Amino acid sequence: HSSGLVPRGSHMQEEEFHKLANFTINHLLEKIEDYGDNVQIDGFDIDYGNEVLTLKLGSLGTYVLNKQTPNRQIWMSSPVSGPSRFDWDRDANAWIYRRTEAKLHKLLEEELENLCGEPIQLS
Amino acid sequence: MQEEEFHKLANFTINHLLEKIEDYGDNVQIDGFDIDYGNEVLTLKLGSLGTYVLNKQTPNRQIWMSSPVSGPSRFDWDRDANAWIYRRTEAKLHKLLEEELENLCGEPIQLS
């Protein structure tokens, strides 16, 4: 909660990072948009622009996701768990927060069900 | 803090910041400068240097910021100082952004 851009030697080439990150973020936008149609959250609003993904859950809070290209990471701010950073794991084929080993899609699945009462499948 | 009062101040603080960083981008030369606001989120892309994100967290009555230099922070409104404060470090929101942009872009800025 004090450092930002930290150098690393296992540097995924910028081209490969954009493919994986663009595909993952696009998948999330489509599936969470369907989620808003099947549940009724007062103030629901998901949108993408200037490389940031924004999910407003009304009075429940706001999710923010964005690419941090210098670090080769996806960054997320959550109303439930705060900040986290995700790296691509070539052996698991998923985005992982190494401080806790939580997978990105499974974490959003777990938190959204607790907040809105209905399940979602982002895997 | 009343939810109504939180929305007033936070909209004022974020909007004030947006206009001043737009003027700053015109008077300095940053390759890839791009600032924008939409759906209550403020985004500052400094090209290859990274991306700032600021947004209101209404349940907590806080402004949240993600920085490529210092990472995450949370700000509360202090009625005696008239500023947003990160209580873990006592940093003011506008003074913190002033220091990092000057270090990054070489020119000073006035966000107060």
# chains A, B, ... in the order shown; residues from 1 in each chain; ligands from 1

$ interface_residues --of "chain A" --to "chain B" --cutoff "7 Å" --atoms "only C-alpha atoms" --output "ChimeraX atom specification"
/A:1-5,59-62,68-70,83

$ select_by_dssp --residues "stretch 20-88 of chain B" --states "helix (DSSP H, G or I)" --output "list in words"
residues 20, 21, 22, 23, 24, 25, 26, 27, 47, 48, 49, 58, 59 and 60 of chain B

$ write_last_selection --atoms "C-alpha atoms" --output "CSV table (one decimal), in the first residue's frame"
chain,number,residue,atom,x,y,z
B,20,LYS,CA,-5.9,22.3,-13.8
B,21,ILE,CA,-4.4,19.1,-15.2
B,22,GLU,CA,-5.8,20.1,-18.6
B,23,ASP,CA,-4.0,23.4,-18.4
B,24,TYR,CA,-0.9,21.7,-17.2
B,25,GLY,CA,-0.8,19.4,-20.3
B,26,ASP,CA,-1.0,22.4,-22.6
B,27,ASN,CA,2.0,24.1,-21.0
B,47,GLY,CA,2.0,8.0,-21.8
B,48,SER,CA,4.7,5.3,-21.1
B,49,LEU,CA,4.9,6.6,-17.5
B,58,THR,CA,-19.6,6.6,-1.8
B,59,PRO,CA,-20.1,3.9,0.9
B,60,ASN,CA,-16.9,5.0,2.7

$ atom_distance --atom1 "atom CA of residue A:7" --atom2 "atom CA of residue A:71"
7.5 Å

$ residues_around --residues "residue A:121" --least-positions-apart "3" --cutoff "10 Å" --atoms "only C-alpha atoms" --output "PyMOL selection string"
chain A and resi 31-32+35+105-106+108-110

$ residues_around --residues "residue B:17" --least-positions-apart "2" --cutoff "10 Å" --atoms "only C-alpha atoms" --output "list in words"
residues 11, 12, 13, 14, 15, 19, 20, 21, 22, 42, 94, 97, 110, 111 and 112 of chain B

$ residues_around --residues "residue A:97" --least-positions-apart "3" --cutoff "6 Å" --atoms "only C-alpha atoms" --output "count of residues only"
5

$ residues_around --residues "residue B:79" --least-positions-apart "4" --cutoff "12 Å" --atoms "only C-alpha atoms" --output "ChimeraX atom specification"
/B:1,9,83-85

$ write_last_selection --atoms "N, CA and C atoms" --output "CSV table (one decimal), in the first residue's frame"
chain,number,residue,atom,x,y,z
B,1,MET,N,-20.5,12.1,7.6
B,1,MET,CA,-20.8,13.0,6.5
B,1,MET,C,-22.0,12.6,5.7
B,9,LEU,N,-18.8,18.0,-2.3
B,9,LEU,CA,-17.4,18.3,-2.1
B,9,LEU,C,-16.5,17.4,-3.1
B,83,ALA,N,-9.2,20.1,3.4
B,83,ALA,CA,-8.5,19.3,2.4
B,83,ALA,C,-8.8,17.8,2.6
B,84,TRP,N,-8.4,17.0,1.6
B,84,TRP,CA,-8.6,15.6,1.7
B,84,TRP,C,-7.3,15.0,2.3
B,85,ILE,N,-7.4,14.1,3.3
B,85,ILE,CA,-6.2,13.6,4.0
B,85,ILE,C,-6.2,12.1,4.0

$ residues_around --residues "stretch 17-25 of chain A" --least-positions-apart "3" --cutoff "8 Å" --atoms "only C-alpha atoms" --output "PyMOL selection string"
chain A and resi 12-14+28-29+53+67+69+72+74

$ select_by_dssp --residues "chain B" --states "strand (DSSP E)" --output "PyMOL selection string"
chain B and resi 33-38+41-46+51-57+62-67+71-78+83-86+91-92
